[PDB]
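Asks: There's a structure below that I have some questions on.
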Amino acid sequence: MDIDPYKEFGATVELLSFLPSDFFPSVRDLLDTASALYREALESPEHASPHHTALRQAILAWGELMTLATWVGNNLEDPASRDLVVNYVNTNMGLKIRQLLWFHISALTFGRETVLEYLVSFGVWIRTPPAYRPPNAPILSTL
Amino acid sequence: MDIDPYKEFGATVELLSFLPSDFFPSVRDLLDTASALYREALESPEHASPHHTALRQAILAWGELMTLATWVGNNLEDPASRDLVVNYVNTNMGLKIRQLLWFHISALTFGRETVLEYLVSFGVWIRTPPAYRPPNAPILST
Amino acid sequence: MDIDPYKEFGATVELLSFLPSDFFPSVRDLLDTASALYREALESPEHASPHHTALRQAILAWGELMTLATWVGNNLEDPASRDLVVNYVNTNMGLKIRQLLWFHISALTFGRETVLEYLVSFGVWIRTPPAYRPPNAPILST
Amino acid sequence: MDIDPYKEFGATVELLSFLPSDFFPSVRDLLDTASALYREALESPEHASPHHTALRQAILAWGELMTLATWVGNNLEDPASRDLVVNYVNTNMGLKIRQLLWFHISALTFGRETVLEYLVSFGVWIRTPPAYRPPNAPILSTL
Amino acid sequence: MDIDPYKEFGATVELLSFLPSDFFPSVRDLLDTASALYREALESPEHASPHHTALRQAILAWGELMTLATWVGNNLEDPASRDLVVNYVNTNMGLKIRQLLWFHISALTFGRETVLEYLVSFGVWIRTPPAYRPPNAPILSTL
Amino acid sequence: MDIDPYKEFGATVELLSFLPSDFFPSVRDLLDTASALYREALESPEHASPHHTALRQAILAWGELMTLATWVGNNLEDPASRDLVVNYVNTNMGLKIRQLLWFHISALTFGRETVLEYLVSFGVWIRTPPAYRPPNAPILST
């Protein structure tokens with residue numbers, strides 16, 4: 001069970017490790033986006049796509065991790081350990097959760113095919129060194 | 001954002017508030033059962049039933065948390081915070097992950113409706129004093 | 001070569017990893033039951049169901065191992081190695097042979113699907129703390 | 001329950017005790033043969049013939065006996081007992097398991113009828129003393 | 001024989017001397033992208049295109065070379081020679097492996113004709129002196 | 001990417017490693033044969049068959065390894081490391097490249113099915129003992 005979360009969505013995780021951290025914007029932005037755009041889809045008792053379901057589970061998990069951060073904030077005495085822990089959290093689990101959220105929400109809004117083709121073109125782009133790399137990378141949209 | 005992860009299956013988090021904490025099992029056994037019964041359906045490219053997807057994401061989350069715990073165990077100095085964090089994980093977040101995993105596993109194998117009937121029958125069983133309560137609470141099979 | 005002997009029946013060795021060791025019964029009683037219920041179908045020339053074939057080969061293997069144990073008991077000098085080997089057989093290899101025999105016997109008599117349901121229901125029963133667990137775990141019959 | 005493992009395959013064990021040990025080659029050769037030729041049949045969750053099923057069970061049993069040998073190798077102090085035990089193993093259980101494996105795999109590759117007729121002719125052959133016995137015994141093939 | 005490997009696909013090594021070295025990105029990025037895209041089709045027991053087959057052979061070649069690198073790292077004593085071997089490998093032979101990977105992967109995604117047109121357009125781009133050279137080097141897209 | 005390159009042609013490294021290593025000829029004679037027969041087809045602009053393509057890429061890999069060999073021979077100072085590296089190459093990677101080249105060449109000349117049958121028959125020949133084995137090993141041909 002080395003399970004790939006994207007295998008049922010056509011892609012893999014090695015695909016997405018090509019592109020950097022900074023392209024993934026803040027967790028709070030993605031959560032607010034998801035809420036504002038698809039609260040009707042999330043809260044309703046009908047699953048339109050498995051993207052929505054994994055999105056629900058990821059949002060719940062991230063809420064639990066925020067509870068973890070708060071609990072460690074309100075109980076531990078050593079500032080070093082607390083800072084190190086929250087740094088690890090908001091860096092690495094931030095990376096992974098932002099990745100997952102971006103993929104699911106992008107595939108919903110713009111379509112699975114378009115996202116896969118975008119990631120193909122981006123993997124071709126960023127894998128080019130600066131000399132022959134264009135300065136303004138591809139951007140995402142439907143048509 | 002105020003989501004109940006069970007809203008899409010007819011169930012509700014309040015419905016599991018019937019069940020106590022101690023009832024749900026250790027995590028290692030759950031993961032072992034899940035793998036040994038559904039390895040091929042998990043790793044394969046198919047969302048044959050969305051319970052599979054929830055199980056995928058839950059297992060990945062628990063792996064992420066185990067990586068967190070190991071990272072903390074092999075980097076920090078004060079063992080107080082270390083053991084405290086490990087305890088907090090394995091108790092409190094273990095509760096949520098156990099809830100979610102148990103539910104989705106039971107729904108995969110035995111069926112959603114039968115699981116709902118199991119939960120409500122257990123709530124009837126436990127909303128009852130000890131004496132007239134039979135000592136063999138319901139456990140499920142087909 | 002990495003074979004699971006249960007792969008051909010929808011089951012999996014990981015699925016039996018739910019069950020503990022002590023649960024499965026002594027070997028002599030299993031062999032007695034097997035013979036007394038299926039002597040004619042075993043010795044007869046017919047592979048009416050492949051569980052019969054697995055049972056044949058398993059009984060022959062256990063007879064081979066009992067012959068091994070007797071051969072060691074009536075040829076060696078140091079009783080340490082003697083009793084050690086006998087213990088190792090009757091515990092560790094007994095585990096595998098008991099697993100295999102119990103499964104194939106239950107599948108012969110009661111049915112493959114019902115046995116799978118039995119295993120998963122037992123896993124639900126045991127992935128549960130002691131208190132809310134009923135003290136009458138499922139046992140099977142028709 | 002003096003069960004014959006071959007009664008459901010047309011033959012018996014007294015049939016095969018006519019022919020010698022040496023005709024059965026090494027266990028490792030047979031296992032590697034079985035793997036190389038029919039890993040797709042073994043590992044798949046579909047039983048094509050009861051030969052395959054008994055083959056699975058025999059391979060698992062032999063793996064367990066190898067585990068037995070290793071365990072005795074790693075725990076006992078008396079070299080005499082260890083050597084005697086492993087000798088018994090690789091001689092006698094070697095004989096039986098090689099017999100079983102050869103029969104099943106041969107019947108699969110070449111057919112049950114051909115194997116039974118081969119064993120008939122061989123029992124007629126080796127049961128002849130050297131004077132009137134041919135020097136180059138029968139060999140196995142389809143056509 | 002000095003086979004021109006790109007000869008089946010209308011392309012040349014002369015066509016690749018248009019491109020500089022730095023244009024090709026790091027090998028780990030290539031492998032990660034290739035995995036996350038087409039891991040299933042690679043491990044799939046089917047030859048979808050000769051591109052796939054050459055890609056499989058090249059991945060195995062790189063695996064052999066990295067295994068060699070690890071062996072030499074874990075057994076050799078003369079350190080300057082060791083480091084020089086490692087750098088020589090991962091630069092000089094990594095270059096050609098990157099050429100191979102990039103070509104076949106881009107041909108899989110976007111098509112052979114498109115890659116050829118890309119290469120000749122890039123040649124027109126770089127063979128222009130830097131003054132009147134436009135600032136945007138072309139890249140690829142399904143847009 | 002647990003890749004086995006022979007999957008495109010109905011075989012595996014395990015099916016191929018069923019033979020010993022000594023059977024596999026030296027790489028030099030293989031390149032001699034392959035060149036002196038199919039140089040015109042392999043340098044051609046034509047994907048005549050995937051066997052040719054795997055052969056092309058494999059020959060590139062081996063030529064590049066020989067380039068490495070010459071670089072090492074003409075640029076290191078410590079001859080011990082030179083010997084270790086070079087003989088390690090021609091043993092370990094020599095084995096794999098020999099296997100690959102022989103497979104694809106045999107498939108070109110005689111045909112895929114025939115080479116598979118030859119592997120099977122030769123292995124069953126060589127592992128079976130000589131007395132009851134056929135007197136001569138089979139040798140593949142149309």
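Simple scheme: letters A, B, ... for chains in structure tokens order, numbers from 1 for residues in each chain, numbers from 1 for ligands in the order shown.
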With chain F held fixed, move chain C onto it by a least-squares fit of all C-alpha atoms in order and give the output as a tab-separated table (two decimals) with C-alpha atoms, in the first residue's frame.
Replies:
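part-v5.tsv, freshly written:
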chain	number	residue	atom	x	y	z
C	1	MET	CA	9.02	2.04	-12.82
C	2	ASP	CA	9.22	-1.67	-11.90
C	3	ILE	CA	9.38	-2.60	-15.57
C	4	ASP	CA	10.24	-5.91	-17.16
C	5	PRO	CA	11.66	-5.07	-20.63
C	6	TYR	CA	10.25	-8.37	-21.94
C	7	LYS	CA	6.67	-7.77	-20.75
C	8	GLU	CA	5.56	-6.44	-24.13
C	9	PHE	CA	6.50	-9.64	-26.02
C	10	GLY	CA	4.74	-12.27	-23.90
C	11	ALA	CA	8.02	-13.18	-22.18
C	12	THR	CA	9.31	-12.44	-18.69
C	13	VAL	CA	12.65	-11.93	-16.98
C	14	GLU	CA	11.83	-14.81	-14.64
C	15	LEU	CA	11.56	-16.98	-17.74
C	16	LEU	CA	15.21	-16.27	-18.55
C	17	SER	CA	16.10	-17.09	-14.95
C	18	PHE	CA	15.87	-20.68	-16.20
C	19	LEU	CA	18.86	-20.05	-18.43
C	20	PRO	CA	22.34	-19.84	-16.86
C	21	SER	CA	24.83	-17.04	-17.44
C	22	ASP	CA	27.52	-18.99	-19.32
C	23	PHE	CA	25.02	-20.09	-21.98
C	24	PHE	CA	24.73	-16.65	-23.57
C	25	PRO	CA	27.60	-15.80	-25.90
C	26	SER	CA	30.38	-13.25	-26.02
C	27	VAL	CA	29.30	-9.73	-26.92
C	28	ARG	CA	31.62	-9.04	-29.87
C	29	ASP	CA	30.18	-11.98	-31.82
C	30	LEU	CA	26.64	-10.81	-31.12
C	31	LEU	CA	27.37	-7.30	-32.36
C	32	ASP	CA	29.14	-8.67	-35.43
C	33	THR	CA	26.16	-10.89	-36.25
C	34	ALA	CA	23.67	-8.10	-35.65
C	35	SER	CA	25.50	-5.67	-37.91
C	36	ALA	CA	26.32	-8.17	-40.66
C	37	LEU	CA	22.67	-9.30	-40.83
C	38	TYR	CA	20.70	-6.09	-40.17
C	39	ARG	CA	22.93	-3.08	-40.94
C	40	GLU	CA	20.49	-1.64	-43.47
C	41	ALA	CA	17.39	-2.19	-41.35
C	42	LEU	CA	19.10	-0.70	-38.30
C	43	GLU	CA	20.49	2.47	-39.85
C	44	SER	CA	17.42	3.03	-42.03
C	45	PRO	CA	14.50	5.23	-40.92
C	46	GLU	CA	11.99	2.48	-40.21
C	47	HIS	CA	10.59	0.79	-37.09
C	48	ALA	CA	9.47	-2.20	-39.16
C	49	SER	CA	9.43	-4.28	-35.96
C	50	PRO	CA	10.05	-2.93	-32.45
C	51	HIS	CA	12.76	-5.52	-31.86
C	52	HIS	CA	14.77	-3.31	-34.21
C	53	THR	CA	14.25	-0.37	-31.86
C	54	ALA	CA	15.26	-2.35	-28.80
C	55	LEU	CA	18.35	-3.50	-30.66
C	56	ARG	CA	19.21	0.08	-31.61
C	57	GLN	CA	18.97	1.32	-28.05
C	58	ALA	CA	20.86	-1.69	-26.70
C	59	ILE	CA	23.75	-1.23	-29.12
C	60	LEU	CA	23.89	2.46	-28.24
C	61	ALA	CA	23.93	1.60	-24.53
C	62	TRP	CA	26.79	-0.85	-24.99
C	63	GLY	CA	28.71	1.72	-27.00
C	64	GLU	CA	28.15	4.18	-24.16
C	65	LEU	CA	29.51	1.63	-21.69
C	66	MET	CA	32.55	0.88	-23.84
C	67	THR	CA	33.18	4.62	-23.99
C	68	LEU	CA	32.88	4.66	-20.19
C	69	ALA	CA	35.41	1.85	-19.86
C	70	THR	CA	37.88	3.50	-22.22
C	71	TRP	CA	37.44	6.85	-20.46
C	72	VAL	CA	38.28	5.16	-17.17
C	73	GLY	CA	41.20	3.23	-18.62
C	74	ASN	CA	42.87	6.35	-20.01
C	75	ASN	CA	42.27	8.73	-17.07
C	76	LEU	CA	42.70	6.89	-13.74
C	77	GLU	CA	45.82	6.01	-11.75
C	78	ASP	CA	45.16	3.02	-9.49
C	79	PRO	CA	44.92	0.00	-11.85
C	80	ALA	CA	43.02	-1.91	-9.15
C	81	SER	CA	39.87	0.18	-9.58
C	82	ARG	CA	40.47	0.19	-13.34
C	83	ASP	CA	40.51	-3.57	-13.87
C	84	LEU	CA	37.84	-4.01	-11.19
C	85	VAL	CA	35.44	-1.68	-13.00
C	86	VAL	CA	36.21	-3.29	-16.36
C	87	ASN	CA	35.53	-6.74	-14.90
C	88	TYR	CA	32.29	-5.55	-13.31
C	89	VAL	CA	31.12	-4.08	-16.62
C	90	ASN	CA	32.02	-7.01	-18.84
C	91	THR	CA	30.54	-9.56	-16.41
C	92	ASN	CA	27.52	-8.07	-14.70
C	93	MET	CA	26.30	-5.46	-17.17
C	94	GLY	CA	27.44	-7.72	-19.96
C	95	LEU	CA	24.93	-10.22	-18.59
C	96	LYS	CA	21.97	-7.87	-19.07
C	97	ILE	CA	23.13	-6.60	-22.44
C	98	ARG	CA	23.77	-10.14	-23.67
C	99	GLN	CA	20.32	-11.24	-22.47
C	100	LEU	CA	18.59	-8.37	-24.23
C	101	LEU	CA	20.60	-8.54	-27.45
C	102	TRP	CA	20.30	-12.31	-27.82
C	103	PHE	CA	16.56	-12.23	-27.25
C	104	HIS	CA	15.81	-9.42	-29.68
C	105	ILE	CA	18.13	-10.87	-32.34
C	106	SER	CA	16.54	-14.31	-32.13
C	107	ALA	CA	13.10	-12.70	-32.27
C	108	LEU	CA	14.04	-10.70	-35.37
C	109	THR	CA	15.37	-13.69	-37.26
C	110	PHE	CA	13.52	-16.79	-36.15
C	111	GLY	CA	10.28	-15.46	-34.64
C	112	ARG	CA	8.92	-14.56	-31.22
C	113	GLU	CA	6.81	-17.70	-30.75
C	114	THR	CA	9.63	-20.01	-31.75
C	115	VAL	CA	11.92	-18.27	-29.27
C	116	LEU	CA	9.40	-18.76	-26.48
C	117	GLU	CA	9.14	-22.44	-27.39
C	118	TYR	CA	12.94	-22.58	-27.40
C	119	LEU	CA	13.16	-21.11	-23.90
C	120	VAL	CA	10.54	-23.41	-22.42
C	121	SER	CA	12.03	-26.47	-24.10
C	122	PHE	CA	15.44	-25.53	-22.75
C	123	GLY	CA	13.93	-25.16	-19.29
C	124	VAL	CA	12.48	-28.64	-19.63
C	125	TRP	CA	15.89	-29.84	-20.80
C	126	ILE	CA	17.74	-28.34	-17.83
C	127	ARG	CA	15.16	-29.17	-15.15
C	128	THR	CA	16.41	-32.74	-15.54
C	129	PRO	CA	19.39	-34.62	-14.04
C	130	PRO	CA	22.50	-35.16	-16.19
C	131	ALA	CA	22.13	-38.87	-16.98
C	132	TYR	CA	18.75	-39.00	-18.72
C	133	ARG	CA	19.42	-35.55	-20.18
C	134	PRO	CA	20.49	-35.86	-23.83
C	135	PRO	CA	23.90	-34.24	-24.44
C	136	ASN	CA	22.58	-32.32	-27.47
C	137	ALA	CA	20.48	-29.54	-26.00
C	138	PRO	CA	18.15	-27.80	-28.47
C	139	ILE	CA	19.59	-25.16	-30.75
C	140	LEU	CA	17.40	-23.38	-33.20
C	141	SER	CA	17.20	-22.97	-36.97
C	142	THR	CA	14.78	-22.99	-39.89
Asks: From chain A, collect each residue whose DSSP state is helix (DSSP H, G or I) and return the set as a PyMOL selection string.
Replies: chain A and resi 7-9+13-16+27-43+50-75+79-110+112-126
Asks: Within 9 Å of stretch 25-28 of chain D, counting only C-alpha atoms, which residues qualify if same-chain residues fewer than 5 places away don't, as a ChimeraX atom specification?
Replies: /D:33,90,94-95,97-98,101-102 /F:127-129
Asks: Residues of chain E near chain A: apply a cut-off of 8 Å, count only C-alpha atoms, and supply the list as JSON, numbers by chain.
Replies: {"E": [22, 23, 24, 25, 26, 29, 30, 32, 33, 34, 35, 36, 37, 106, 109, 136, 137, 138, 139, 140, 141, 142]}
Asks: Tell me the residues of chain A close to chain B, meaning within 9 Å using only C-alpha atoms, as an MDAnalysis selection string.
Replies: chainID A and resid 1:10 31:32 34:35 39 42:47 49:51 53:54 56:61 64:65 68 71:72 76:78 80:82 84:85 88:89 93
Asks: Just the number, please: distance in Å from atom CA of residue E:21 to atom CA of residue E:100, one decimal.
Replies: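 Atom-to-atom, atom CA of residue E:21 and atom CA of residue E:100 are spaced 13.1 Å apart.
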Asks: Can you measure atom CA of residue D:20 to atom CA of residue D:67 for me? One decimal in Å is fine.
Replies: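 Interatomic distance, atom CA of residue D:20 to atom CA of residue D:67: 27.3 Å.
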Asks: How many Å lie between atom CA of residue D:48 and atom CA of residue E:40, rounded to one decimal?
Replies: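 A separation of 27.7 Å between them.
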